[PDB]
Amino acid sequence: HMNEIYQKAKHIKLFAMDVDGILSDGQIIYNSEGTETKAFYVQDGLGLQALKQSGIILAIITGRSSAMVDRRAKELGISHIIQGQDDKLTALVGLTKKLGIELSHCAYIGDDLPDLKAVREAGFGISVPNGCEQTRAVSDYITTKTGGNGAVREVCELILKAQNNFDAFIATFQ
């Protein structure tokens, strides 16, 4: 039952995300001119702005590093962009310190092994259906939609509903 999850999302002040496998579907794409490509999902962007609008801080913590991530983050107002960092919990804890925020007030979503401890230790830990078993085992919630296909949108809506901000947001479009 969902109230158990709303209980966890209730006091989130910060939402941090892994990129590959969460914000994208995990494809790493190269071309013959040395150029790299990453694909994001349009409904995730709108869900992230909703969350962000309700006064939640958005962050990226990713093991890889690219201009694509920076660009996607900039247009959605994901305001703390940590790249080239696979020690996710350490990075999260570091953010917690510079914002004056507790881990219990952090939500984190990841698909693989570097994310497991951040997923486990955050107030609200999320993984995805194609997440590795070990990270899923340790999460508070597993999305229905998959990474780069509205897993993020889904969690945004969930946090909004827990904080009584979803229905009002919806209403602005009706």
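Each residue number is its position in the shown sequence, starting from 1.
Note on 101 to 109 vs 145 to 153: mean CA B-factor is higher in 101 to 109.
Taking the PDB entry as given, 49 to 57 carries the higher mean Cα B factor of the two stretches 23 to 31 and 49 to 57. The top Cα temperature factor in the record, among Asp44, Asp115, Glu36, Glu133, falls on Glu133.
Sorting the modelled residues of the chain by their CA temperature factor places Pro129 in the highest third. Among all modelled residues in this chain, the alpha-carbon of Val119 has a temperature factor (C-alpha) in the lowest third. When the modelled residues of the chain are ordered by C-alpha B-factor, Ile12 sits in the highest third.
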